[PDB]
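J.: give me coordinates for this.
(2 chains, ligands or ions: 2)
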Amino acid sequence: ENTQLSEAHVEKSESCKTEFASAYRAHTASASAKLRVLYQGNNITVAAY
Amino acid sequence: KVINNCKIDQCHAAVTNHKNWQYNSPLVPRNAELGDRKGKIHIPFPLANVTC
Ligand SMILES: *[C@@H]1O[C@H](CO)[C@@H](O)[C@H](O)[C@H]1NC(C)=O
Ligand SMILES: *[C@@H]1O[C@H](CO)[C@@H](O)[C@H](O)[C@H]1NC(C)=O
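T.: Residues are numbered from 1 along each chain as shown, chains lettered A, B, ... in the order given. Ligands and ions are numbered 1, 2, ... in the order given. Structure as follows:
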């Protein structure tokens, strides 16, 4: 007439701070450019949206 | 102690008084239905980022 009691549950791993993956939703992108211009015999650069 | 008029294998004996604490491994029985806590220890060697 003996009995035994057992139980368990699930938790989150400590290592999740370093090894993980993430999901994103994407929206409309912006754009930028970099140019070189030869002007008055010298090279200049510009950057703009 | 001596118990008269009795045979071996009709009795049971165990040591009951302890002064130290033990980790509650799943391979040993629980002492009581609701166990009491005495202390805790930490786990060494954390993770870090390196290069290969
Ligand atoms: C470096 O480790 C930190 C946490 O300690 C983590 O947030 C980061 O993503 C790690 N970087 C790399 C490149 O593994
Ligand atoms: C910079 O200007 C010189 C002329 O002064 C030209 O020869 C050279 O090609 C220019 N630099 C680049 C990267 O084109």
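
J.: please enumerate the strands of chain A.
T.: Remark: strands assigned in chain A by DSSP state E are A:33-39, A:42-48.

J.: burial count for residue 31?
T.: All of this refers to chain A. Each residue near residue A:31 was counted by other CB atoms under 10 Å in any protein chain shown, and the total is 5. C-betas here are computed from N, CA, C, even on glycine.

J.: I was after chain B.
T.: Neighbours of residue B:31 under the rule other CB under 10 Å: 11.

J.: measure residue A:49 to residue A:31 for me?
T.: Residue A:49 is 7 Å from residue A:31, where distance means CB to CB, to the nearest Å.

J.: residue of chain A closest to ligand 1, please.
T.: Relative to ligand 1, the nearest point of chain A is residue A:18 (5.0 Å; CB to the nearest ligand atom).

J.: my read is that that residue contacts residue B:46, right?
T.: No. Judged on CB atoms under 8 Å, residue A:18 makes no contact with residue B:46 at a distance of 9.2 Å.

J.: alpha carbons of stretch B:15-25, as CSV, please.
T.: The C-alpha coordinates for stretch B:15-25 follow below in CSV (Å, rounded to 0.1, in the frame of the first residue of the first chain):
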residue,chain,number,x,y,z
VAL,B,15,19.7,6.9,11.7
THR,B,16,17.6,10.0,12.1
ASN,B,17,19.6,13.0,13.5
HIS,B,18,21.6,15.1,11.0
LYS,B,19,23.4,18.5,11.4
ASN,B,20,24.3,19.3,7.7
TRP,B,21,22.4,20.3,4.5
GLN,B,22,22.2,18.4,1.2
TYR,B,23,21.2,19.3,-2.3
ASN,B,24,17.7,18.0,-3.2
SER,B,25,18.7,15.7,-6.1
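
J.: what's in contact with it?
T.: B:28, B:30, B:35, B:38-39 (CB atoms under 8 Å, 6 or more residues apart in numbering or on different chains).
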